[PDB]
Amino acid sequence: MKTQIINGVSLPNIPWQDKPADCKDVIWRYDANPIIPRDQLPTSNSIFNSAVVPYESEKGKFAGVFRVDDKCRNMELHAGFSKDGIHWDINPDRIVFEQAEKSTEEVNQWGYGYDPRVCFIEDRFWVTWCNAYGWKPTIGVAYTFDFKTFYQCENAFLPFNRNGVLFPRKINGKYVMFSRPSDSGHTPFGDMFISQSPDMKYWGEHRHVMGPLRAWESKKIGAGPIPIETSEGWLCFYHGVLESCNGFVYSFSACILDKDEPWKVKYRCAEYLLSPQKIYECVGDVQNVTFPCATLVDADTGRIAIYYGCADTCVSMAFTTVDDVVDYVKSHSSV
């Protein structure tokens, strides 16, 4: 493989299907989508925009935190487990958080939570999500060792903010997190930023990554799954929004960020790599949405399995390789 995967994991059991010969795209879709239907739970209205990592437990080889919207249309997080990454056993009830320190007992009352991102850092799995603080969106922060008990920390930022995503290691001695300053509704703007922290409590040294650019991402953008570390830099899949007369179209693509100053863009794919086109992507609670919150990467082979929300209704899977993505991103770069 041309590009190397750095600080990765060997994943011979990664969910995978080979690219079809007729496929002329960088990314191809699993052929039995969705992998998680809207009604997998007795209480679920929809299940989408969800987080997935390798994890060995008694219930399989992968664990996750899943956004579940229930039949009240409350937004919640559920832990799940899978043997193959495709058929998922999702907890019937929501994650109920324990506070990590007593100092957040008063502040961190549960209201809602959605679009989780999860990555392993040094000794535990960190979770970020869009968390309500006084019914305002901000980035909630927690950790888990086992995906059974979850320990909530301080919200990283003031409202209004969404799409908080952690880099999977420290950079120049600090935790680094993507976020995306928003407003109190269906935000008509959005640039990606990073913020930095020595301790995962206090945040600062905020840095602008990039804003809307090409037509398919003209309205707003945000981070998607965990950044993937490569010899080229951080490979970061992100969503971008086009506004039609009838609303938003959510597609996603990738960029490559500088390894040590990840707010500096090296490459940025001018085209989307996947866009809402299939019936489960176009029809549903929110039409025309393909929204990636996790990927698995087999460092041995460069194989990527992408988890993405479809029409805010279900979870689907798509496939590609690091080499394919990096080559396309570099040869089809914006600015």
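Residue numbers run from 1 along the displayed sequence.
Between 179-187 and 146-154, the higher mean Cα B-factor belongs to 146-154. Comparing 120-128 with 211-219, the higher mean C-alpha B-factor in the PDB entry belongs to 120-128. Based on the entry's C-alpha B-factors, the most elevated value among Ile139, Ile171, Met75, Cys255 belongs to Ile171. For the set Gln277, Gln287, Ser46, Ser57, the maximum C-alpha B-factor listed in the entry falls on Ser57. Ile27 sits in the middle third of its chain by CA B factor, as recorded in the PDB entry. Sort the chain's modelled residues by C-alpha temperature factor and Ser316 lands in the middle third, per the entry. The deposited CA B-factor of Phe62 belongs to the highest third of values across its chain. In this PDB entry, the Cα temperature factor of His206 sits in the middle third of its chain's modelled residues. When the CA B factors of the chain's modelled residues are split into thirds, the value for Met200 lands in the middle one.
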